[PDB]
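Worksheet: the structure to be examined is printed underneath.
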């Protein structure tokens, strides 16, 4: 056997995040009709987990590439659930101006999460680069920022 789950997870994350970001923010839209607050709540629950997923990349970046693997594997996977909920409520937006706006926010976190993963991947091949830890933490902070940004907007913002 070979060394399992160390490089797969960092690519698998891009697989999940990338596909979700491309298939949901383009072409395919969740035709889920019902209560807006349901998708709102569903997004909130999902976000809370993804917030930790980004945190996992942070804690793992200062540990081992093998931790980064599981951090990557969850981050990409959980992002799907987050995005699928976000795009769902985005499609329920009555005004297309707001609809396009919320999609723009979704892109912000979709891109940032992708950009974060790239740092984790690089840190798996370059684990002796201390600066790359901080770059990862910075990108993770950006992801978490975008998550909270969208979550603040999904609720009635005052």
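Our numbering is plain: 1 for the first residue shown, then up by one each step along the chain.
Method on record in the header is solution NMR.
Cβ atoms here come from the backbone N, Cα and C positions, even for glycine.
Pulled from the PDB entry, these are the features on record:
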- 1-6: expression tag (SEQADV)
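Copied over from Swiss-Prot:
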- 26: phosphoserine (MOD_RES)
- 64: phosphothreonine (MOD_RES)
- 124: phosphoserine (MOD_RES)
- 129: phosphoserine (MOD_RES)
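Summarised by DSSP class, the composition of the expression tag (1-6) is 0 helix, 0 strand, 6 coil. The local packing around residue 124 (phosphoserine), expressed as other Cβ atoms within 10 Å of its Cβ over all shown chains, amounts to 22.
When secondary structure is read from DSSP and collapsed to three states, residue 124 (phosphoserine) falls in the helix class.
Sequence-distant neighbours of the residue listed as 'phosphothreonine': residues of the same chain at least 6 apart with a C-beta under 8 Å from its C-beta are 127. Reported as a whole number, the C-alpha separation between residue 129 (phosphoserine) and residue 26 (phosphoserine) equals 36 Å. Neighbours of residue 26 (phosphoserine), defined as other CB atoms within 10 A of its CB across all chains, total 9.
Of all Cβ atoms in the shown protein chains, 12 besides its own fall within 10 Å of the Cβ of residue 129 (phosphoserine). According to its DSSP assignment, the residue listed as 'phosphothreonine' is coil. Residue 129 (phosphoserine) falls within neither a helix nor a strand when secondary structure is assigned with DSSP, and so counts as coil. Here the CA atom of residue 26 (phosphoserine) lies 31 Å from the CA atom of residue 124 (phosphoserine).
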